[PDB]
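Visitor: Supplied structure: target11.csv, CSV, N, CA and C atoms.
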chain,number,residue,atom,x,y,z
A,2,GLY,N,-109.5,87.9,-73.6
A,2,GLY,CA,-109.4,87.4,-72.3
A,2,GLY,C,-109.8,88.4,-71.2
A,3,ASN,N,-108.8,89.0,-70.6
A,3,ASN,CA,-109.0,90.0,-69.6
A,3,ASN,C,-108.7,91.4,-70.1
A,4,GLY,N,-109.7,92.0,-70.8
A,4,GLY,CA,-109.5,93.4,-71.3
A,4,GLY,C,-110.1,93.5,-72.7
A,5,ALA,N,-109.4,94.1,-73.6
A,5,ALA,CA,-109.8,94.3,-75.0
A,5,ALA,C,-108.8,93.9,-76.0
A,6,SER,N,-107.7,94.7,-76.0
A,6,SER,CA,-106.6,94.5,-76.9
A,6,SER,C,-105.3,94.8,-76.3
A,7,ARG,N,-105.1,94.5,-75.0
A,7,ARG,CA,-103.9,94.7,-74.3
A,7,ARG,C,-102.7,93.9,-74.9
A,8,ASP,N,-102.9,92.6,-75.1
A,8,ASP,CA,-101.9,91.8,-75.6
A,8,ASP,C,-101.4,92.3,-77.0
A,9,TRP,N,-102.3,92.9,-77.7
A,9,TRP,CA,-102.0,93.5,-79.0
A,9,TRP,C,-101.2,94.8,-78.9
A,10,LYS,N,-101.8,95.8,-78.3
A,10,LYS,CA,-101.1,97.0,-78.1
A,10,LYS,C,-99.7,96.8,-77.5
A,11,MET,N,-99.6,95.8,-76.7
A,11,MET,CA,-98.3,95.4,-76.1
A,11,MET,C,-97.3,94.9,-77.1
A,12,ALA,N,-97.7,93.9,-77.8
A,12,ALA,CA,-96.9,93.3,-78.9
A,12,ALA,C,-96.3,94.3,-79.8
A,13,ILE,N,-97.1,95.4,-80.0
A,13,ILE,CA,-96.7,96.5,-80.9
A,13,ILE,C,-95.7,97.4,-80.3
A,14,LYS,N,-96.0,97.8,-79.1
A,14,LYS,CA,-95.2,98.7,-78.3
A,14,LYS,C,-93.7,98.2,-78.3
A,15,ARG,N,-93.6,96.8,-78.2
A,15,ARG,CA,-92.3,96.2,-78.2
A,15,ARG,C,-91.7,96.1,-79.6
A,16,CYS,N,-92.5,95.6,-80.6
A,16,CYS,CA,-92.0,95.5,-81.9
A,16,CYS,C,-91.5,96.8,-82.5
A,17,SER,N,-92.0,97.9,-81.9
A,17,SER,CA,-91.6,99.3,-82.3
A,17,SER,C,-90.2,99.5,-82.1
A,18,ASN,N,-89.6,98.7,-81.3
A,18,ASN,CA,-88.1,98.8,-81.0
A,18,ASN,C,-87.3,97.8,-81.8
A,19,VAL,N,-87.9,97.5,-83.0
A,19,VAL,CA,-87.2,96.6,-83.9
A,19,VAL,C,-86.6,97.3,-85.1
A,20,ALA,N,-85.4,96.9,-85.6
A,20,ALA,CA,-84.8,97.6,-86.7
A,20,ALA,C,-85.2,96.9,-88.0
A,21,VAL,N,-85.1,97.6,-89.1
A,21,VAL,CA,-85.5,97.1,-90.4
A,21,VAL,C,-84.2,96.4,-91.1
A,22,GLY,N,-83.1,97.2,-91.1
A,22,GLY,CA,-81.9,96.7,-91.7
A,22,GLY,C,-81.0,96.0,-90.7
A,23,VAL,N,-79.9,95.5,-91.2
A,23,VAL,CA,-79.0,94.8,-90.4
A,23,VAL,C,-77.6,95.4,-90.4
A,24,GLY,N,-77.3,96.1,-91.6
A,24,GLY,CA,-76.0,96.7,-91.7
A,24,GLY,C,-76.1,98.2,-91.5
A,25,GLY,N,-77.1,98.6,-90.8
A,25,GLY,CA,-77.3,100.1,-90.5
A,25,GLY,C,-77.8,100.3,-89.1
A,26,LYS,N,-78.8,99.6,-88.7
A,26,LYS,CA,-79.4,99.8,-87.3
A,26,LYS,C,-79.7,101.3,-87.0
A,27,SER,N,-80.9,101.7,-87.4
A,27,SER,CA,-81.2,103.1,-87.1
A,27,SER,C,-82.8,103.3,-87.3
A,28,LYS,N,-83.3,102.9,-88.4
A,28,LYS,CA,-84.7,103.0,-88.7
A,28,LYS,C,-85.5,101.8,-88.2
A,29,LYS,N,-86.5,102.0,-87.3
A,29,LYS,CA,-87.3,101.0,-86.8
A,29,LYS,C,-88.7,101.0,-87.4
A,30,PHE,N,-89.4,99.8,-87.2
A,30,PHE,CA,-90.7,99.7,-87.7
A,30,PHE,C,-91.7,100.4,-86.8
A,31,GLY,N,-93.0,100.3,-87.2
A,31,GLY,CA,-94.1,100.9,-86.4
A,31,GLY,C,-95.4,100.2,-86.5
A,32,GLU,N,-96.4,100.6,-85.7
A,32,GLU,CA,-97.7,99.9,-85.7
A,32,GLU,C,-98.3,100.1,-87.1
A,33,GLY,N,-97.9,101.1,-87.8
A,33,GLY,CA,-98.4,101.3,-89.2
A,33,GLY,C,-98.0,100.2,-90.1
A,34,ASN,N,-96.7,99.9,-90.0
A,34,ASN,CA,-96.1,98.9,-90.9
A,34,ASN,C,-96.7,97.5,-90.6
A,35,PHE,N,-96.8,97.2,-89.3
A,35,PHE,CA,-97.3,95.9,-88.9
A,35,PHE,C,-98.8,95.7,-89.3
A,36,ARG,N,-99.6,96.7,-88.8
A,36,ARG,CA,-101.0,96.6,-89.1
A,36,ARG,C,-101.3,96.7,-90.6
A,37,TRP,N,-100.4,97.3,-91.4
A,37,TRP,CA,-100.5,97.4,-92.8
A,37,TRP,C,-100.4,96.0,-93.5
A,38,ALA,N,-99.3,95.3,-93.2
A,38,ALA,CA,-99.1,94.0,-93.7
A,38,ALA,C,-100.2,93.0,-93.2
A,39,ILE,N,-100.4,93.0,-91.9
A,39,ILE,CA,-101.4,92.1,-91.3
A,39,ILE,C,-102.8,92.3,-92.0
A,40,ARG,N,-103.2,93.6,-91.9
A,40,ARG,CA,-104.5,93.9,-92.5
A,40,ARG,C,-104.6,93.5,-93.9
A,41,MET,N,-103.7,93.9,-94.8
A,41,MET,CA,-103.7,93.5,-96.2
A,41,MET,C,-103.8,92.0,-96.3
A,42,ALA,N,-103.0,91.3,-95.5
A,42,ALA,CA,-103.0,89.8,-95.6
A,42,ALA,C,-104.3,89.3,-95.2
A,43,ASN,N,-104.9,89.8,-94.1
A,43,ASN,CA,-106.2,89.4,-93.7
A,43,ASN,C,-107.2,89.4,-94.8
A,44,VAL,N,-107.1,90.4,-95.6
A,44,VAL,CA,-108.1,90.6,-96.7
A,44,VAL,C,-107.9,89.6,-97.8
A,45,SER,N,-106.7,89.6,-98.4
A,45,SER,CA,-106.4,88.6,-99.4
A,45,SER,C,-106.6,87.2,-98.9
A,46,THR,N,-106.4,87.0,-97.7
A,46,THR,CA,-106.6,85.6,-97.1
A,46,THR,C,-107.7,85.7,-96.0
A,47,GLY,N,-108.8,86.3,-96.4
A,47,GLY,CA,-109.9,86.4,-95.4
A,47,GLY,C,-111.1,87.2,-96.0
A,48,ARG,N,-110.8,88.5,-96.3
A,48,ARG,CA,-111.9,89.4,-96.8
A,48,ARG,C,-113.0,89.5,-95.8
A,49,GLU,N,-112.7,89.8,-94.6
A,49,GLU,CA,-113.7,89.9,-93.6
A,49,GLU,C,-113.1,90.4,-92.2
A,50,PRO,N,-113.9,91.0,-91.4
A,50,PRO,CA,-113.5,91.5,-90.0
A,50,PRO,C,-113.1,90.3,-89.1
A,51,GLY,N,-114.0,89.3,-89.0
A,51,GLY,CA,-113.7,88.2,-88.1
A,51,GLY,C,-112.9,87.1,-88.8
A,52,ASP,N,-111.7,87.4,-89.3
A,52,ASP,CA,-110.9,86.5,-90.0
A,52,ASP,C,-109.4,86.7,-89.7
A,53,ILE,N,-109.1,86.8,-88.4
A,53,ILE,CA,-107.7,87.0,-87.9
A,53,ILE,C,-107.2,85.8,-87.1
A,54,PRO,N,-105.9,85.7,-87.1
A,54,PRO,CA,-105.2,84.6,-86.3
A,54,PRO,C,-105.3,84.8,-84.8
A,55,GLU,N,-105.7,83.7,-84.1
A,55,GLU,CA,-105.8,83.8,-82.7
A,55,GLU,C,-104.8,82.9,-82.0
A,56,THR,N,-104.3,81.9,-82.7
A,56,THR,CA,-103.3,81.0,-82.1
A,56,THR,C,-102.0,81.0,-83.0
A,57,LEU,N,-100.9,80.7,-82.4
A,57,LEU,CA,-99.6,80.7,-83.1
A,57,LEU,C,-99.7,79.8,-84.3
A,58,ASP,N,-100.5,78.7,-84.2
A,58,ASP,CA,-100.6,77.8,-85.4
A,58,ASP,C,-101.4,78.5,-86.5
A,59,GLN,N,-102.5,79.1,-86.2
A,59,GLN,CA,-103.3,79.8,-87.2
A,59,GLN,C,-102.5,80.9,-87.9
A,60,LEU,N,-101.8,81.7,-87.2
A,60,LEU,CA,-100.9,82.7,-87.8
A,60,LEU,C,-99.8,82.1,-88.6
A,61,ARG,N,-99.3,81.0,-88.1
A,61,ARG,CA,-98.2,80.3,-88.8
A,61,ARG,C,-98.6,79.9,-90.3
A,62,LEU,N,-99.8,79.4,-90.4
A,62,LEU,CA,-100.3,79.0,-91.7
A,62,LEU,C,-100.6,80.2,-92.6
A,63,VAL,N,-101.1,81.2,-92.0
A,63,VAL,CA,-101.4,82.5,-92.7
A,63,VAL,C,-100.2,83.0,-93.4
A,64,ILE,N,-99.1,83.1,-92.6
A,64,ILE,CA,-97.8,83.6,-93.2
A,64,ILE,C,-97.3,82.7,-94.3
A,65,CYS,N,-97.2,81.4,-94.1
A,65,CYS,CA,-96.8,80.5,-95.2
A,65,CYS,C,-97.6,80.7,-96.4
A,66,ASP,N,-98.9,80.8,-96.3
A,66,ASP,CA,-99.8,81.0,-97.4
A,66,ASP,C,-99.6,82.4,-98.0
A,67,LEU,N,-99.4,83.4,-97.2
A,67,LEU,CA,-99.2,84.8,-97.7
A,67,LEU,C,-98.0,84.9,-98.6
A,68,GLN,N,-96.9,84.4,-98.1
A,68,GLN,CA,-95.6,84.4,-98.9
A,68,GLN,C,-95.7,83.4,-100.0
A,69,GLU,N,-96.5,82.4,-99.9
A,69,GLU,CA,-96.7,81.3,-100.9
A,69,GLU,C,-97.4,81.9,-102.1
A,70,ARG,N,-98.7,82.3,-101.9
A,70,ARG,CA,-99.5,82.9,-103.0
A,70,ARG,C,-98.8,84.1,-103.6
A,71,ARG,N,-98.4,85.1,-102.7
A,71,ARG,CA,-97.7,86.3,-103.2
A,71,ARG,C,-96.5,86.0,-104.1
A,72,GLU,N,-95.8,85.0,-103.6
A,72,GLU,CA,-94.6,84.6,-104.4
A,72,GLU,C,-95.0,84.2,-105.8
A,73,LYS,N,-96.0,83.3,-105.9
A,73,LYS,CA,-96.4,82.9,-107.2
A,73,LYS,C,-96.8,84.0,-108.1
A,74,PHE,N,-97.4,85.0,-107.5
A,74,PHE,CA,-97.9,86.2,-108.3
A,74,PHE,C,-96.7,87.1,-108.6
A,75,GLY,N,-95.6,87.0,-107.8
A,75,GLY,CA,-94.4,87.8,-108.0
A,75,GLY,C,-93.8,88.4,-106.7
A,76,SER,N,-92.6,88.9,-106.8
A,76,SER,CA,-92.0,89.5,-105.7
A,76,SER,C,-92.0,91.0,-105.7
A,77,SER,N,-91.9,91.6,-104.5
A,77,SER,CA,-91.9,93.1,-104.4
A,77,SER,C,-91.6,93.6,-103.0
A,78,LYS,N,-91.0,94.8,-102.9
A,78,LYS,CA,-90.7,95.3,-101.6
A,78,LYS,C,-91.9,95.3,-100.7
A,79,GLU,N,-93.1,95.5,-101.2
A,79,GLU,CA,-94.3,95.5,-100.4
A,79,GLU,C,-94.5,94.1,-99.8
A,80,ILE,N,-94.4,93.1,-100.7
A,80,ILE,CA,-94.6,91.7,-100.3
A,80,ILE,C,-93.6,91.2,-99.3
A,81,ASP,N,-92.3,91.3,-99.7
A,81,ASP,CA,-91.2,90.9,-98.8
A,81,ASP,C,-91.3,91.6,-97.4
A,82,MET,N,-91.7,92.9,-97.4
A,82,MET,CA,-91.8,93.7,-96.2
A,82,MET,C,-93.0,93.1,-95.4
A,83,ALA,N,-94.0,92.7,-96.0
A,83,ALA,CA,-95.2,92.2,-95.4
A,83,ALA,C,-94.9,91.0,-94.5
A,84,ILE,N,-94.2,90.0,-95.2
A,84,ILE,CA,-93.8,88.8,-94.5
A,84,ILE,C,-92.9,89.0,-93.3
A,85,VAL,N,-92.0,90.0,-93.5
A,85,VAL,CA,-91.0,90.4,-92.5
A,85,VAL,C,-91.8,90.8,-91.2
A,86,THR,N,-92.7,91.7,-91.4
A,86,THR,CA,-93.5,92.3,-90.3
A,86,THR,C,-94.2,91.2,-89.5
A,87,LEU,N,-94.8,90.2,-90.3
A,87,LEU,CA,-95.5,89.1,-89.7
A,87,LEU,C,-94.6,88.3,-88.8
A,88,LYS,N,-93.4,88.1,-89.2
A,88,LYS,CA,-92.4,87.4,-88.4
A,88,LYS,C,-92.0,88.1,-87.1
A,89,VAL,N,-91.4,89.3,-87.3
A,89,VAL,CA,-91.0,90.2,-86.2
A,89,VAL,C,-92.1,90.4,-85.2
A,90,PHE,N,-93.3,90.6,-85.8
A,90,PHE,CA,-94.5,90.9,-84.9
A,90,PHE,C,-94.9,89.6,-84.2
A,91,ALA,N,-94.8,88.4,-84.8
A,91,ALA,CA,-95.1,87.2,-84.2
A,91,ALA,C,-94.2,86.9,-83.1
A,92,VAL,N,-92.9,87.0,-83.2
A,92,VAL,CA,-91.9,86.8,-82.2
A,92,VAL,C,-91.9,87.9,-81.2
A,93,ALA,N,-91.7,89.1,-81.6
A,93,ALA,CA,-91.7,90.3,-80.7
A,93,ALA,C,-93.0,90.5,-80.0
A,94,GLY,N,-94.1,89.8,-80.6
A,94,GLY,CA,-95.4,89.9,-80.0
A,94,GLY,C,-95.8,88.7,-79.2
A,95,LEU,N,-96.0,87.6,-79.9
A,95,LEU,CA,-96.4,86.4,-79.3
A,95,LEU,C,-95.4,85.9,-78.3
A,96,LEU,N,-94.1,86.0,-78.7
A,96,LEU,CA,-93.0,85.6,-77.8
A,96,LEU,C,-92.5,86.8,-77.0
A,97,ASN,N,-93.1,88.0,-77.2
A,97,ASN,CA,-92.7,89.2,-76.5
A,97,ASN,C,-91.2,89.4,-76.5
A,98,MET,N,-90.5,88.9,-77.6
A,98,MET,CA,-89.1,89.0,-77.7
A,98,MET,C,-88.7,90.0,-78.8
A,99,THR,N,-88.7,91.3,-78.5
A,99,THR,CA,-88.3,92.3,-79.5
A,99,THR,C,-86.9,92.1,-80.1
A,100,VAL,N,-86.9,91.4,-81.2
A,100,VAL,CA,-85.6,91.1,-81.9
A,100,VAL,C,-84.8,92.4,-82.1
A,101,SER,N,-83.6,92.3,-82.7
A,101,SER,CA,-82.8,93.4,-83.0
A,101,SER,C,-83.0,94.0,-84.4
A,102,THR,N,-83.1,93.1,-85.4
A,102,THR,CA,-83.4,93.4,-86.8
A,102,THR,C,-84.4,92.5,-87.4
A,103,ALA,N,-85.0,93.0,-88.5
A,103,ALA,CA,-86.0,92.2,-89.2
A,103,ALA,C,-85.5,90.8,-89.6
A,104,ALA,N,-84.2,90.7,-90.0
A,104,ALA,CA,-83.6,89.4,-90.4
A,104,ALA,C,-83.6,88.5,-89.1
A,105,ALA,N,-83.1,89.1,-88.0
A,105,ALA,CA,-83.0,88.3,-86.8
A,105,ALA,C,-84.3,87.7,-86.4
A,106,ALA,N,-85.4,88.4,-86.5
A,106,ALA,CA,-86.7,87.9,-86.2
A,106,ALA,C,-87.1,86.7,-87.1
A,107,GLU,N,-87.0,86.9,-88.4
A,107,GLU,CA,-87.4,85.9,-89.3
A,107,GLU,C,-86.4,84.7,-89.2
A,108,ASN,N,-85.2,85.0,-88.7
A,108,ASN,CA,-84.2,83.9,-88.6
A,108,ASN,C,-84.6,83.0,-87.5
A,109,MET,N,-84.9,83.5,-86.3
A,109,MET,CA,-85.3,82.6,-85.1
A,109,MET,C,-86.6,82.0,-85.4
A,110,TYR,N,-87.5,82.7,-86.2
A,110,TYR,CA,-88.8,82.1,-86.5
A,110,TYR,C,-88.7,80.9,-87.3
A,111,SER,N,-87.9,80.9,-88.3
A,111,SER,CA,-87.7,79.7,-89.2
A,111,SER,C,-86.8,78.7,-88.5
A,112,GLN,N,-85.7,79.2,-87.9
A,112,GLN,CA,-84.8,78.3,-87.2
A,112,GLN,C,-85.5,77.5,-86.1
A,113,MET,N,-86.5,78.1,-85.6
A,113,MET,CA,-87.3,77.5,-84.5
A,113,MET,C,-88.2,76.4,-85.0
A,114,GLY,N,-88.5,76.5,-86.3
A,114,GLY,CA,-89.4,75.4,-86.9
A,114,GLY,C,-90.8,76.0,-87.2
A,115,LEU,N,-90.9,77.3,-87.4
A,115,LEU,CA,-92.2,77.9,-87.7
A,115,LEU,C,-92.3,78.2,-89.2
A,116,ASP,N,-91.2,78.4,-89.8
A,116,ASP,CA,-91.2,78.6,-91.3
A,116,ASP,C,-90.9,77.3,-92.0
A,117,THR,N,-90.9,77.4,-93.4
A,117,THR,CA,-90.7,76.3,-94.2
A,117,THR,C,-89.7,76.6,-95.3
A,118,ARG,N,-88.7,77.5,-95.0
A,118,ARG,CA,-87.7,77.9,-95.9
A,118,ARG,C,-86.5,78.4,-95.1
A,119,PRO,N,-85.8,77.5,-94.4
A,119,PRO,CA,-84.6,77.9,-93.7
A,119,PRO,C,-83.4,78.3,-94.6
A,120,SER,N,-82.8,79.5,-94.3
A,120,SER,CA,-81.7,80.0,-95.0
A,120,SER,C,-80.5,80.4,-94.1
A,121,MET,N,-79.3,80.5,-94.7
A,121,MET,CA,-78.1,80.9,-93.9
A,121,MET,C,-77.7,82.3,-94.3
A,122,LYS,N,-77.9,82.6,-95.6
A,122,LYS,CA,-77.5,83.9,-96.1
A,122,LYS,C,-78.6,84.6,-96.8
A,123,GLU,N,-79.3,85.5,-96.1
A,123,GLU,CA,-80.4,86.3,-96.6
A,123,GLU,C,-80.0,87.5,-97.3
A,124,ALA,N,-79.4,88.5,-96.6
A,124,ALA,CA,-78.9,89.7,-97.1
A,124,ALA,C,-77.6,90.2,-96.4
A,125,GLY,N,-76.7,90.8,-97.2
A,125,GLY,CA,-75.4,91.2,-96.6
A,125,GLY,C,-74.6,92.1,-97.6
A,126,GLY,N,-73.3,92.0,-97.5
A,126,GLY,CA,-72.5,92.7,-98.4
A,126,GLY,C,-71.2,93.3,-97.6
A,127,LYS,N,-70.1,93.3,-98.4
A,127,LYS,CA,-68.9,93.8,-97.8
A,127,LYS,C,-68.3,94.9,-98.7
A,128,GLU,N,-67.4,95.7,-98.1
A,128,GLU,CA,-66.8,96.8,-98.8
A,128,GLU,C,-67.8,97.7,-99.5
A,129,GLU,N,-68.4,98.6,-98.8
A,129,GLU,CA,-69.4,99.5,-99.4
A,129,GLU,C,-69.0,101.0,-99.2
A,130,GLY,N,-69.8,101.9,-99.8
A,130,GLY,CA,-69.6,103.3,-99.6
A,130,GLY,C,-69.1,103.9,-100.9
A,131,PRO,N,-68.9,105.2,-101.0
A,131,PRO,CA,-68.4,105.9,-102.1
A,131,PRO,C,-67.0,105.7,-102.4
A,132,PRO,N,-66.5,106.1,-103.6
A,132,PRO,CA,-65.1,105.9,-104.0
A,132,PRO,C,-64.2,106.8,-103.2
A,133,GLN,N,-62.9,106.6,-103.4
A,133,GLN,CA,-61.8,107.4,-102.7
A,133,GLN,C,-61.1,108.2,-103.7
A,134,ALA,N,-60.6,109.4,-103.2
A,134,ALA,CA,-59.8,110.3,-104.1
A,134,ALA,C,-58.3,110.0,-104.0
A,135,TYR,N,-57.8,109.3,-105.0
A,135,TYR,CA,-56.4,108.9,-105.1
A,135,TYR,C,-55.7,109.6,-106.2
Re-express the file's structure as structure tokens.

Guide:
Amino acid sequence: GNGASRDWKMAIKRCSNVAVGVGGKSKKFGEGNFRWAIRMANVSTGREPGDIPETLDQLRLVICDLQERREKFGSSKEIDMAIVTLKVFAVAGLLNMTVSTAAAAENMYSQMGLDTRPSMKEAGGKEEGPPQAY
């Protein structure tokens, strides 16, 4: 539109203020994590320079296909992390709404009607930490 990659550099600057975990809140993502997942996905689902999402609809399908194909091949921290970045980046970027945590981003994304696998309990846990000296 008006510039080169302003909308992009912006969506990233904001996403950088996003947390990875939910029961910790400390470590945040970065342009490297986002570009990593996106780029990798663009290849497996494109294999070319001019093969990136331009509309919320286009990106929406890319994600569903990314997690779909990847899932069939198997699960992995790299895969799960990839999908997470796509979500947080989509909301914190397209919606310019820098969520609080990775889960929160993917939550509103699916709850909004962008995903195809709505869940109530993704990750959590109670009573954690080392043992006590009694």

Visitor: Neighbours of residue 13 in chain A within 9 Å (only C-alpha atoms; same-chain residues fewer than 5 positions away dropped), as a list in words?

Guide: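 The filter keeps residues 8, 18, 31, 32, 35, 90, 93 and 94 of chain A.
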
Visitor: To one decimal place in Å, what is the distance between CA of residue 70 in chain A and CA of residue 46 in chain A?

Guide: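 Computing the Euclidean distance for CA of residue 70 in chain A and CA of residue 46 in chain A yields 9.6 Å.
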
Visitor: Record the distance separating CA of residue 106 in chain A and atom N of residue 28 in chain A, expressed in Å with one decimal.

Guide: 15.5 Å

Visitor: How many Å separate CA of residue 126 in chain A from CA of residue 25 in chain A?

Guide: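 Value for the CA of residue 126 in chain A-CA of residue 25 in chain A distance: 11.8 Å.
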
Visitor: Can you pull out every residue from chain A that DSSP, working from the backbone, puts in alpha helix (DSSP H), and format the result as a ChimeraX atom specification?

Guide: /A:7-16,32-45,57-74,78-90,103-113

Visitor: Quick one: of A:23, A:62, A:72, A:82, who's nearest to residue 105 in chain A, counting only N, CA and C atoms?

Guide: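 Comparing A:23, A:62, A:72, A:82 against residue 105 in chain A, the winner is A:23.
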
Visitor: Calculated over only N, CA and C atoms, which of the candidates A:95, A:104, A:124, A:89 has the smallest distance to residue 57 in chain A?

Guide: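 Result for the nearest residue to residue 57 in chain A: A:95.
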
Visitor: Which residues are close to residue 84 in chain A, i.e. within 7 Å by only N, CA and C atoms, leaving aside same-chain residues fewer than 6 positions away? Reply as a count of residues only.

Guide: 3

Visitor: Find the residues around residue 114 in chain A up to 12 Å (only C-alpha atoms counted), leave out those fewer than 5 positions away in its own chain, and share them as JSON, numbers by chain.

Guide: {"A": [58, 61, 107, 108, 109, 119]}

Visitor: Using only C-alpha atoms, find the one residue out of A:98, A:14, A:110, A:45 that sits nearest to residue 30 in chain A.

Guide: A:14

Visitor: Taking all atoms of range 49-55 of chain A that the file lists and extending 6 Å past them on each side, where is the centre of the axis-aligned box and how long are its edges? Answer in Å to one decimal, as JSON.

Guide:
{"center_x": -109.4, "center_y": 87.2, "center_z": -88.3, "size_x": 21.2, "size_y": 20.6, "size_z": 24.6}

Visitor: Which residues come within 10 Å of residue 24 in chain A, counting only C-alpha atoms, excluding same-chain residues fewer than 2 positions away, as a PyMOL selection string?

Guide: chain A and resi 21-22+26-27+102+124-127

Visitor: Any chance you could build range 16-28 of chain A out to N, CA, C and O atoms and write it as a PDB file, keeping the file's coordinate frame?

Guide:
ATOM      1  N   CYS A  16     -92.500  95.600 -80.600  1.00  0.00           N
ATOM      2  CA  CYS A  16     -92.000  95.500 -81.900  1.00  0.00           C
ATOM      3  C   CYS A  16     -91.500  96.800 -82.500  1.00  0.00           C
ATOM      4  O   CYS A  16     -90.706  96.868 -83.387  1.00  0.00           O
ATOM      5  N   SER A  17     -92.000  97.900 -81.900  1.00  0.00           N
ATOM      6  CA  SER A  17     -91.600  99.300 -82.300  1.00  0.00           C
ATOM      7  C   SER A  17     -90.200  99.500 -82.100  1.00  0.00           C
ATOM      8  O   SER A  17     -89.552 100.382 -82.704  1.00  0.00           O
ATOM      9  N   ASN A  18     -89.600  98.700 -81.300  1.00  0.00           N
ATOM     10  CA  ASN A  18     -88.100  98.800 -81.000  1.00  0.00           C
ATOM     11  C   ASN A  18     -87.300  97.800 -81.800  1.00  0.00           C
ATOM     12  O   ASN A  18     -86.237  97.372 -81.442  1.00  0.00           O
ATOM     13  N   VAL A  19     -87.900  97.500 -83.000  1.00  0.00           N
ATOM     14  CA  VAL A  19     -87.200  96.600 -83.900  1.00  0.00           C
ATOM     15  C   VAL A  19     -86.600  97.300 -85.100  1.00  0.00           C
ATOM     16  O   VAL A  19     -87.247  98.251 -85.626  1.00  0.00           O
ATOM     17  N   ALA A  20     -85.400  96.900 -85.600  1.00  0.00           N
ATOM     18  CA  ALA A  20     -84.800  97.600 -86.700  1.00  0.00           C
ATOM     19  C   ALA A  20     -85.200  96.900 -88.000  1.00  0.00           C
ATOM     20  O   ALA A  20     -85.480  95.672 -88.017  1.00  0.00           O
ATOM     21  N   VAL A  21     -85.100  97.600 -89.100  1.00  0.00           N
ATOM     22  CA  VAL A  21     -85.500  97.100 -90.400  1.00  0.00           C
ATOM     23  C   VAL A  21     -84.200  96.400 -91.100  1.00  0.00           C
ATOM     24  O   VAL A  21     -84.278  95.306 -91.536  1.00  0.00           O
ATOM     25  N   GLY A  22     -83.100  97.200 -91.100  1.00  0.00           N
ATOM     26  CA  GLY A  22     -81.900  96.700 -91.700  1.00  0.00           C
ATOM     27  C   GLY A  22     -81.000  96.000 -90.700  1.00  0.00           C
ATOM     28  O   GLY A  22     -81.304  95.994 -89.552  1.00  0.00           O
ATOM     29  N   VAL A  23     -79.900  95.500 -91.200  1.00  0.00           N
ATOM     30  CA  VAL A  23     -79.000  94.800 -90.400  1.00  0.00           C
ATOM     31  C   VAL A  23     -77.600  95.400 -90.400  1.00  0.00           C
ATOM     32  O   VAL A  23     -76.846  95.398 -89.462  1.00  0.00           O
ATOM     33  N   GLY A  24     -77.300  96.100 -91.600  1.00  0.00           N
ATOM     34  CA  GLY A  24     -76.000  96.700 -91.700  1.00  0.00           C
ATOM     35  C   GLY A  24     -76.100  98.200 -91.500  1.00  0.00           C
ATOM     36  O   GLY A  24     -75.280  98.990 -91.986  1.00  0.00           O
ATOM     37  N   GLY A  25     -77.100  98.600 -90.800  1.00  0.00           N
ATOM     38  CA  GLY A  25     -77.300 100.100 -90.500  1.00  0.00           C
ATOM     39  C   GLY A  25     -77.800 100.300 -89.100  1.00  0.00           C
ATOM     40  O   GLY A  25     -77.180 101.125 -88.354  1.00  0.00           O
ATOM     41  N   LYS A  26     -78.800  99.600 -88.700  1.00  0.00           N
ATOM     42  CA  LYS A  26     -79.400  99.800 -87.300  1.00  0.00           C
ATOM     43  C   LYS A  26     -79.700 101.300 -87.000  1.00  0.00           C
ATOM     44  O   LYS A  26     -78.801 101.979 -86.470  1.00  0.00           O
ATOM     45  N   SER A  27     -80.900 101.700 -87.400  1.00  0.00           N
ATOM     46  CA  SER A  27     -81.200 103.100 -87.100  1.00  0.00           C
ATOM     47  C   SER A  27     -82.800 103.300 -87.300  1.00  0.00           C
ATOM     48  O   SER A  27     -83.427 103.752 -86.347  1.00  0.00           O
ATOM     49  N   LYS A  28     -83.300 102.900 -88.400  1.00  0.00           N
ATOM     50  CA  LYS A  28     -84.700 103.000 -88.700  1.00  0.00           C
ATOM     51  C   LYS A  28     -85.500 101.800 -88.200  1.00  0.00           C
ATOM     52  O   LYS A  28     -85.121 100.669 -88.506  1.00  0.00           O
TER      53      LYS A  28
END
